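In: here come the first chain(s), positioned as in the complex:
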Amino acid sequence: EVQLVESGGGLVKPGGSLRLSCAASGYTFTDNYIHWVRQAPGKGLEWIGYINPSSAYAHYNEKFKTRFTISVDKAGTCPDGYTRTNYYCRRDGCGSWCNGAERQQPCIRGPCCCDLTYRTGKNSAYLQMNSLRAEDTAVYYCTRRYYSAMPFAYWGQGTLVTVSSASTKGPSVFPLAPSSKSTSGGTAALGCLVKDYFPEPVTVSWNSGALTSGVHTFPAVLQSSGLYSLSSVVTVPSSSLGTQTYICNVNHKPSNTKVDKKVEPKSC
């Protein structure tokens, strides 16, 4: 499948720099432009720029030209039966001259000279951003058109960039234990309180993903301390509370904090 897989996002202090990456696979890398788009909380999507990996030409939204740079890996491969030279390729058993960029650019069928190419696999574009400020906090996407003259149809998953002076902090995970008054033969609720972390995001699953029905994981709230907190709950049969095990799997990758929290009725 066509995939764009982003990485590199995280916390950065005002004035700092950060390079994000978009690893593209599943199609000829030079066939399509890679664009960068961002989405700040509330604000609508904002187009940043694109790069054409065939030519490495980049075009920017004026708003970002001073601070942001879009790039791609350098290509360094010559097809089978070709040998690399200074900056292009040479066909084995050819020697005649080749007219500069004109004849060292596209690889016509099987010429005497052909441009350096990417290997199939993952090839990456990048977004370098410096002099970041608070209003650059956002989810940053890479994306490409379905085809020339068609809109963005393939999107990277998004990577969060947080521009703040606050320090990284891992969460504490506390039980929301099922009530001793839970209705006999009825429905009980329990959960996990994921408290005091920074920056976003945290993810929560239950029973390593085996438990999905009845789960609600709430949006985080930013507390007056400048730290986030959120809750995840699930409703289950009251009768299962003595037997079935319930574990919330919390992952705060920004602090390298993974926690499995067993949640059970409190003893007296």
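Out: Here it is on my side, so go on. Numbers count the residues shown, from 1 in each chain, chains lettered A, B, ... in the order given.

In: name the helix or strand for the residue of chain A most remote from its centre, please.
Out: Largest separation from the mean C-alpha position in chain A: residue A:96, at 47.1 Å (Cα atoms, centre = their mean). Under DSSP states H and E, no helix or strand contains residue A:96.

In: not counting residues beside it along the chain, what's closest to it?
Out: Using Cβ to Cβ, 6 or more residues apart in numbering and skipping the chain neighbours, the partner closest in space to residue A:96 is residue A:112 (6.0 Å). (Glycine included, C-beta is placed from N, CA and C.)

In: how far does the helix or strand hosting residue A:190 sit from the chain's center?
Out: Residue A:190 belongs to strand A:187-197 when assigned by DSSP H and E. Centroid displacement of strand A:187-197 relative to its chain, using Cα atoms, centre = their mean, to the nearest Å, is 26 Å.

In: each with direction, which strands does it pair with?
Out: Sheet pairing for strand A:187-197, assigned by DSSP bridges, gives strand A:172-176 (antiparallel), strand A:228-237 (antiparallel).

In: and the next helix or strand past that strand?
Out: Later in the chain than strand A:187-197, the nearest helix or strand by DSSP H and E is strand A:203-206.

In: I figured residue A:146 hits residue A:154, correct?
Out: Yes. Shown here, residue A:146 and residue A:154 form a contact pair, counting by Cβ atoms under 8 Å, at 7.3 Å.

In: neighbour count for those two, which is higher?
Out: With neighbours defined as other Cβ atoms under 10 Å, residue A:146 and residue A:154 compare such that residue A:154 has more, 18 against 12.

In: if I look at the more buried one, how far off is residue A:5?
Out: Residue A:154 sits 11 Å away from residue A:5, taking Cβ to Cβ, to the nearest Å as the criterion.

In: what's the answer for residue A:157, then?
Out: 7 Å.

In: re earlier: report the buried residues of the strand holding residue A:190.
Out: For strand A:187-197, burial by neighbour count (16 or more other Cβ atoms under 10 Å) applies to A:188, A:190, A:191, A:192, A:193, A:194, A:197.

In: stretch A:64-84 now?
Out: Those would be A:64, A:68, A:69, A:70, A:72, A:73, A:75, A:78, A:82, for stretch A:64-84 by 16+ other Cβ under 10 Å.

In: same check on stretch A:29-44?
Out: Neighbour-count burial for stretch A:29-44, with 16+ other Cβ under 10 Å as criterion, is recorded at A:29, A:30, A:32, A:33, A:34, A:35, A:36, A:37, A:38.

In: to the structure above, add chain B:
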Amino acid sequence: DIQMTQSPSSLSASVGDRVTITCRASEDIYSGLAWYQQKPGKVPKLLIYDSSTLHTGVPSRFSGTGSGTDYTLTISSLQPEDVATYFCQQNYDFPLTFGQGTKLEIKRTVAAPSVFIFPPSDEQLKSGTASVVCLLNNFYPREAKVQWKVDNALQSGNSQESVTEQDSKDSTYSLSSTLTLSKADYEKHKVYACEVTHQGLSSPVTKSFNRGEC
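Out: The block that follows adds chain B to the chains above:
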């Protein structure tokens, strides 16, 4: 730049209904307009391009019309899984620019919350802080009032609330409210109560616990 203005900012409609979202460009974009659907945490999905052409996999109850500066996305036979933000994007001109989005809610029948209160854990109390949590589960409409009371004193300014995305199948919401107190204050009081007002409840409902009770 071409500024895209989307209207309304939100709308609410029943399953089977027909709704329209409008996008207006600050200049003629000659039908170079795309529509996307996006759910929270998920990537945009391309619905329509060239103002009226449906993309692969998109049901035909989505339809785009318009010309000049003024375009419309129409969703017929609204379905519960259509809860999402919808936005337009012009492709006529760089810089590419997007509308600000329209959030879509499904109107269903009133459903009262089930309410649950949770005391602070002993592990947290070692930290010097106490969090009390009130859960309102699977209710509609979204409007709901939570009042915290500690030995019959109303608490104000020391709680925060969060609401889930409207459920894509049953069209309900759920809500968490967290009351935060010092451990010292928690230990000086006995009765902790969450009182919930909601259209589906005939009268407000209170869930309470006594500190230290098993």
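
In: quick recheck of the buried residues of stretch A:29-44 now chain B is there?
Out: Buried residues in stretch A:29-44, counted by 16 or more other Cβ atoms under 10 Å in any protein chain shown: A:29, A:30, A:32, A:33, A:34, A:35, A:36, A:37, A:38, A:39, A:44.

In: what does the residue farthest from the centre of chain A show for phi and psi?
Out: Main-chain dihedrals, residue A:96, degrees, to the nearest 10: phi -60, psi 160.

In: likewise for residue B:47?
Out: Per-residue torsions, residue B:47: phi -100, psi -50 (degrees, to the nearest 10).

In: check which helix or strand covers the residue nearest to it when sequence neighbours are not counted.
Out: Distances taken as Cβ to Cβ, 6 or more residues apart in numbering or on different chains place residue B:35 nearest to residue B:47, at 4.6 Å, with adjacent residues excluded. Element membership for residue B:35, per DSSP H and E: strand B:33-38.

In: packing partners of that strand?
Out: Secondary-structure packing of strand B:33-38 (3 or more Cβ pairs under 8 Å, 6 or more residues apart in numbering or on different chains; DSSP states H and E): strand B:19-25, strand B:45-49, strand B:62-67, strand B:84-90.

In: mind running it again at 6 Å?
Out: strand B:45-49, strand B:84-90 (3 or more Cβ pairs under 6 Å, 6 or more residues apart in numbering or on different chains; DSSP states H and E).

In: coming back round to it: I'd like the distance between the residue farthest from the centre of chain A and residue A:89.
Out: Distance, residue A:96 to residue A:89, using Cβ to Cβ: 14 Å.

In: what do you get for residue B:151?
Out: In this view, residue B:151 and residue A:89 are 82 Å apart by Cβ to Cβ.

In: higher neighbour count, the two?
Out: Per other Cβ atoms under 10 Å in any protein chain shown, whichever of residue B:151 and residue A:89 has more neighbours is residue A:89, with 23 against 11.

In: which non-adjacent residue is nearest that one?
Out: Excluding its sequence neighbours, the residue lying closest to residue A:89 (Cβ to Cβ, 6+ apart) is residue A:78, at 3.8 Å.

In: shouldn't that neighbour be in contact with residue A:87?
Out: No. Using Cβ atoms under 6 Å as the test, residue A:78 is too far from residue A:87 to be in contact (11.2 Å).

In: quick one, helices of the chain?
Out: Let's take chain A. A:100-103 (DSSP state H).

In: try again with chain B
Out: B:122-126, B:183-187.

In: one step back: sheet partners, orientation included, of the strand holding residue B:35?
Out: Counting by DSSP bridges, strand B:33-38 is paired with strand B:45-49 (antiparallel), strand B:84-90 (antiparallel).

In: deepest-packed of the ones you listed, please.
Out: strand B:84-90 (a mean of 24; mean count of other Cβ atoms under 10 Å in any protein chain shown).

In: understood, closing this out.
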